[PDB]
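As structure tokens, the next two blocks hold two forms of the same chain, structure 1 and structure 2.
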Structure 1
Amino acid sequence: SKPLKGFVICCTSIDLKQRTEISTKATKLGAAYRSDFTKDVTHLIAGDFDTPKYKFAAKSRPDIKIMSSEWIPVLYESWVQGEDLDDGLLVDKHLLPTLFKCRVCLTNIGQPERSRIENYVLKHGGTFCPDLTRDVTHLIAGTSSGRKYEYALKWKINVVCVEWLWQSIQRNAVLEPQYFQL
């Protein structure tokens, strides 16, 4: 009976069908559902990191949990089937992977730090890209030179130092690239 009383949920980059399912089920669970990102939002369900709502939460609101689209349907399913819930309300099991929708490429980084970066990208839900293509989201560069670097500038792909990755992992959110320039 109203397990999500006091929760205020908002979506970013969630398709209409899934957004309608989430708002309907979250409302039945007792939550408030907000189309705008209001000051009282507690949980942001995100389908991408490259949005103004996501950027605001990553920069200014670490208290707000960034959740996977599957959170509300999975919690609703347990609740409507009469299963016991706990005070965690499955939140920690459905946090959005930090590097969700990231496609990360590397350039000018030696071993073993190059393969360690690749492992961390995969561990945190990103896609690792050995080759640079126009759909890469971040190029982590050891130096500002070379073929991948020049093509990332041409394709307007973010070029960041590895500190972007480390700070994004510890912040549990993709951070903006202008703070991690070479």
Structure 2
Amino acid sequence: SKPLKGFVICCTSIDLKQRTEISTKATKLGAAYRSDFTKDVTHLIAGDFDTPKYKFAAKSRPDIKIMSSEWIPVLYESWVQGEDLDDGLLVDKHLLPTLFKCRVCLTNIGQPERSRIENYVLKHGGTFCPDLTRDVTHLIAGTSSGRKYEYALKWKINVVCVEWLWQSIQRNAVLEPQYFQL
């Protein structure tokens, strides 16, 4: 019984102790573990979207599933506890949210588009930020002007158009900001 036979797993921005735990448990579960992001990788466990590995998956690997750090610890525990494991192997439950760790602020966008954007941000696992603070990862700007725009630039926050959001949602992964500049 190798529940994860055929699974090839790679990790990105994972704590050393947790990554060692994941490599061990995934191997015991029957998966192939990869240190480097090799061609045969089927699943990428990610702790952040700001890594060459995550950026490669988002840009060039739409066949791979981007997973939460909890997937392997949770599935392994369930397995060794004698709990029942379905055909799913808790993949759907532990899929990393599309906008994982995104803190999205808006400027110069009117209503009802502002409400629409907020709802899609929350739906796809992001944090909606009415106020611009230095912890905002993305500022969706309607025009390249105003106080939010000026401070986001000073605070080195990504200033993107709304297509960053819509293309990230369609890809089901965080995409890079350089293609969505105003």
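The term rigid core refers to the maximal set of C-alpha atoms that superpose within 1.5 Å between the two forms. Residue numbering: sequential along structure 1, first residue numbered 1.
Problem - Large Cα move at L90 between structures 1 and 2, threshold 2 Å, rigid core - result: Superposed on the core, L90 moves its C-alpha 2 Å or more between structures 1 and 2.
Exercise for the section: Inspect the rigid-core superposition and answer whether the C-alpha of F100 shifts by 2 angstroms or more between structures 1 and 2. Expected result: Not so; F100 is displaced by less than 2 Å.
Exercise for the section: Kindly check if the Cα atom of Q111 is displaced 2 angstroms or more between structures 1 and 2 relative to the superposed rigid core. Expected result: After core superposition, the displacement of the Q111 C-alpha between structures 1 and 2 stays below 2 Å, so no.
Practice task
State the core-superposed CA shift for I22 between structures 1 and 2, in Å to one decimal.
Solution key: For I22, the alpha-carbon shift amounts to 1.4 Å.
Practice task
Provide the displacement, in Å, of the CA of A141 between structures 1 and 2, taking the core as the superposition reference.
Solution key: Core-aligned C-alpha shift comes out at 0.4 Å.
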